[PDB]
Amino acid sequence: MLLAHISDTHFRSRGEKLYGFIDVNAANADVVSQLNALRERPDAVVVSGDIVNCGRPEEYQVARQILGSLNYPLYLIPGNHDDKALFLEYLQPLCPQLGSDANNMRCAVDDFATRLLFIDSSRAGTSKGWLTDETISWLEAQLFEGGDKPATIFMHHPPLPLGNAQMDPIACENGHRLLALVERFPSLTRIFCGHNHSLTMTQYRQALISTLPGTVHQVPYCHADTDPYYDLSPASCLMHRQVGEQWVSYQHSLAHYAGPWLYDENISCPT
């Protein structure tokens, strides 16, 4: 298993820029072509929510064009910036397991050594996350049924506070429900999130829990300052690899940079 995992694309409508000046559409199209050009090719691409910025049909038309040009199987989940019904309308042909109920989108993938669980933590009319009873029951059923096989969950909102003054108030509101699932099921070992536009990682019992950077604009972590900052610090994605019994995640830069070159001992330490 190799997954390429990106988040928070924030597509805008045709010929608009984010905030009038960040060309998210072009930036994301570069990202798509970079993923398409990888020498070690992913088995699939994950996009963990906030696919569009404003929930508009015209933004989804751009998302479908750019995401649909990815040359991989896609696993897509909504964020709070998404509109559930439009997300299904425009993206279900790119991820057929999202199904037909805008309010119960979720799916499991059993192709690999670890089970993958994709859920919707977004809730209409708020930035905060919410896990419904049906999502929780479905999770319990999948973890129960999976038995001994490890599982990873992908969701938009972090299920616990991370100390980030901007982002904490809008985390997953009843995230304790999912934390109760990591207590009950030892096989649940990864929870990966979007929303925070930052690589922020913590550990609860046996599960590693981590947010991801955005594909374009980032949000700095502040512990006290609640001013709503964003910036254009370097974007990246996370690569997830099955390595024996270990699930290993590593950061892959989406910036254009100098190199690579080859290490040579004579060049490293000249005489």
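From 1 onward, residues are counted along the sequence shown.
As the entry records it, the average C-alpha temperature factor is higher for 176 to 184, out of 79 to 87 and 176 to 184. For the pair 209 to 217 and 223 to 231, the mean Cα B-factor is higher in 223 to 231. When the C-alpha B-factors of 105, 151, 74, 136 are read from the PDB record, the largest value belongs to 105. Across 43, 245, 50, 58, the entry's maximum B-factor at the CA atom is seen for 245.
The PDB entry assigns residue 128 a C-alpha temperature factor belonging to the highest third of its chain's modelled residues. Residue 100: CA B factor lies in the highest third for its chain, per the PDB record. Split the chain's modelled residues into thirds by C-alpha temperature factor. Residue 14 is in the highest one.
Among the modelled residues of its chain, residue 7 has a C-alpha B-factor that falls in the lowest third, as given in the PDB entry.
Ranked by C-alpha B-factor against the other modelled residues of its chain, residue 116 falls in the lowest third.
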